[PDB]
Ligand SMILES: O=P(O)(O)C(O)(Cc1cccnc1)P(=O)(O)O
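The chain below stands alone and is given as structure tokens, in the form deposited without this ligand.
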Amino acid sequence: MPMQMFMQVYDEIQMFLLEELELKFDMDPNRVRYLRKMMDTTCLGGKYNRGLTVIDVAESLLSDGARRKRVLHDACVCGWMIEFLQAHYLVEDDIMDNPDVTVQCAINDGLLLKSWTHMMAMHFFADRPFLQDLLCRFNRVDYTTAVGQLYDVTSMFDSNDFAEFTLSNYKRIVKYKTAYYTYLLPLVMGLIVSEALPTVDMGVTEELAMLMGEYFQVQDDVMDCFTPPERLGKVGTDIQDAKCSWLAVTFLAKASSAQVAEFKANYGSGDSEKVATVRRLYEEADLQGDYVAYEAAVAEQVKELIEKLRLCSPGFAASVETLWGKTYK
């Protein structure tokens, strides 16, 4: 039922958006069909982890028949707002590595996907008292993500270098770039639609979102480097891109002067042998052993904070538990 409901609401949102363009924005059929296809290509095909989390939080916060169906429908629209926001970031990422009409159309896609999050909210929640708070929290999270993208993209530089290759800075990147929109926003949106936002300790929730985000990114960084492309589903480029990865920051705290010198001379290069030298350094430093322990300690902290949350918000803690299970898998 969650996925079937989420897909039914997608059809409803899509039809509203496309009919609105046709009827109110003077759009010709050819462009309407082009936007239908673009929306499908960018918004469908994923696991819908962010979107489905909104639904799971709302269902749990049942602790009137008209109120239930409304809360679940609202959870679905909120879920598609995040899925469209994710679709917008991925398009922006695709421009970041690609009279060129394809580049013009990609920038346009980026702008429409973001505008669509506002359009679907302004319509489906038009009479809801939470509309203003929802829009403000969503916009603030969107800004946070762009800020996180700045921290990430400039980690190996000085915007106006391994100085920012620290665990505390790695955590700042993860929090802003990933954790706020991937873990915190779905949880918060599920709380907003349920009208149960002040009934939860936001501090413990924020802390949980940051911890789950960190667990996910450390695993993502390790997989980027060691999981082969056929198993990973993409080509891992963190070494070549000189990313501030969990592997790089952990390696620098335990490598010798000569090993650090060897790491510095081989990091951030496309050359196959330099990338392999970095992989060799990570392996020889027993980073895979340190990976297991780091993740286990984060897992212990997550498991503990859910209990503190369950003391005042029991239903919410079970939805945070399922969100965690999706990450820990």
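In case it trips you up, residue 1 is the first one in the sequence shown, and so on. For clarity, a rigid core is taken as the largest C-alpha set superposing within 1.5 Å between two forms.
Keep in mind the form deposited with this ligand bound is missing from the figure; the text below concerns it.
Exactly one stretch in 67-75, 250-258, 213-221, 123-131 has heavy atoms within 4.5 Å of this ligand in the deposited complex; which is it?
Result for this chain: 213-221.
Hey, in the deposited complex, does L90 get a heavy atom within 4.5 angstroms of this ligand?
Yes.
Any chance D100 has a heavy atom within 4.5 Å of this ligand in the deposited complex?
Although this ligand is absent here, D100 would stay clear of it in the deposited complex, with no heavy atoms inside 4.5 Å.
How about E164 - does it come within 4.5 Å of this ligand in the deposited complex, if we only consider non-hydrogen atoms?
No, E164 is distant from the partner.
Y181 versus this ligand, in the deposited complex: is there a non-hydrogen atom within 4.5 Å?
Residue-level check for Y181: yes, a contact with this ligand.
Are all three of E19, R31 and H118 close to this ligand in the deposited complex, meaning a heavy atom of each within 4.5 Å?
Negative, none of the three is within 4.5 Å.
Can you tell which residue in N139, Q259, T199, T154 has its CA shifted by 2 Å or more between the shown form and the other one when the core is superposed?
The displaced C-alpha is that of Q259.
Is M38 one of the residues whose Cα moves 2 Å or more between the shown form and the other one, with the core superposed?
Result for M38: yes, a 2 Å-plus shift.
Determine, after fitting the two forms on their core, whether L18 shows a C-alpha shift of 2 Å or more between the shown form and the other one.
Yes, the C-alpha moves 2 Å or more.
Classify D28 as shifted (yes) or not shifted (no) between the shown form and the other one, where shifted means its C-alpha moves by 2 Å or more with the rigid core superposed.
Result for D28: yes, a 2 Å-plus shift.
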